[PDB]
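# Close look at the chain arrangement
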Amino acid sequence: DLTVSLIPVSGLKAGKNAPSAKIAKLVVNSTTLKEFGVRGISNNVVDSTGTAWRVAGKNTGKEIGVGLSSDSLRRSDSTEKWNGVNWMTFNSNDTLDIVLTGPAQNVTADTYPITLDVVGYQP
Amino acid sequence: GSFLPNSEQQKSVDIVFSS
């Protein structure tokens, strides 16, 4: 199987944020599987691989754009299909960054939930 | 290649932006 940790970044501040500001670290380890696929899960996924999506603040309902960082995307081993559904794959025993996507975002102070689905892949 | 359906996991966390 896989052991997955998703770690929120400390010290995030409301207001204008840097482009691609890091917001969480994804850690996927395995003793048995060489690779994994990952997709964001929300009410508004915005690309065909599910590696960028939008999430709503708990207290305000305001939306922010989140996703894998461009560096993280460039570490993908491949994009594979599971019965037709795209999953970008990555080496296990790696970390990836989840960021604020696109140009600089102005973020209202709030708590924003993020959900990912991770699946093992044998190449 | 193949996906291992039984290995699929969902993980969720809260991201907090403070004033």
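Structural notes, computed from the coordinates.

Cut-offs applied
- Residues numbered from 1 in each chain as written, not as in the entry; some residues may be left out.
- Chains lettered and ligands numbered in written order.
- Heavy atoms only, no water.
- Helix = DSSP H or I, 4+ residues; strand = E, 2+ residues; numbered from the N terminus.
- Rg over C-alpha atoms; globule rule 2.2 N^0.38 Å.
- Buried < 20%, exposed > 50% of the residue type's maximum accessible area, 1.4 Å probe, protein only.
- Contact = heavy atoms within 4.5 Å.
- Areas by Shrake-Rupley, 256 points an atom, 1.4 Å probe, with all protein chains shown as cover.
- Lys, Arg positive; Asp, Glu negative; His and termini not counted.
- Charge placed at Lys NZ, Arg CZ, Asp CG, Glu CD.
- Salt bridge = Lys/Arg side-chain N within 4 Å of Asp/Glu carboxyl O.
- Polar contact = N/O pair within 3.5 Å; in protein donor to acceptor, adjacent residues only side chain to side chain.
- Nonpolar A, V, L, I, M, F, W, Y, C, P; charged D, E, K, R; others polar.
- Pairing = 2+ DSSP bridges.

Secondary structure summary: chain A contains one helix and eleven strands in total. Relative to the 2.2 N^0.38 estimate, which gives 14 Å for 123 residues, the radius of gyration of chain A is 15 Å and therefore close to what a compact globule would have. Principal-axis analysis of the C-alpha atoms places the extent of chain A at approximately 40 × 30 × 25 Å. By residue count, 48% of the 123 residues in chain A fall in the buried class. Sequence-distant contacts in chain A: of pairs separated by 6 or more residues, those separated by 24 or more amount to 68%. Element-wise, carbon and sulfur atoms account for 47% of the exposed surface of chain A, whose accessible area totals about 5,800 Å². Taking the average location of the 12 positive side-chain charges in chain A and that of its 11 negative ones, the two points are 8 Å from each other.

Before going further, it helps to examine the interface of chain A and chain B. One frequently used descriptor of interface size is the decrease in accessible area upon assembly of the parts. With 36 residues of chain A in contact, the opposing surface of chain B contributes 18 residues. Counting the contacts that link chain A with chain B gives one salt bridge. Notably, a salt bridge pairs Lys58(A) with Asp14(B), separated by 3.2 Å at the nearest N-O pair. Where chain A meets chain B, there are 13 residue pairs in polar contact. Taken together, the elements giving at least two residues each to the side of chain A that touches chain B come down to β1 (3–8), β3 (22–29), β7 (78–82) and β11 (110–122) of chain A. Per-element accounting of the side of chain A that touches chain B gives the leading share, 13 residues, to β11(A). Among the residues making up the side of chain A that touches chain B, the classes are represented as 24 nonpolar, six polar and six charged.

All names here are of chain A. Burial of strand β8 (residues 85–91) is extensive: five of the seven residues sit out of reach of the surface. Note that strand β4 (residues 35–41) and β8 share three bridges and pair antiparallel. Counted as the bridge partner of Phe36 is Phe90 from β8. Sheet analysis places β7 next to β8, joined by five bridges and oriented antiparallel. Within the sheet, the bridge partner assigned to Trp82 lies in β8 and is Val85. If you look at the hairpin formed by β7 and β8, you'll find two residues sitting between the two strands, and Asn83 has a positive phi there, around 45 degrees.

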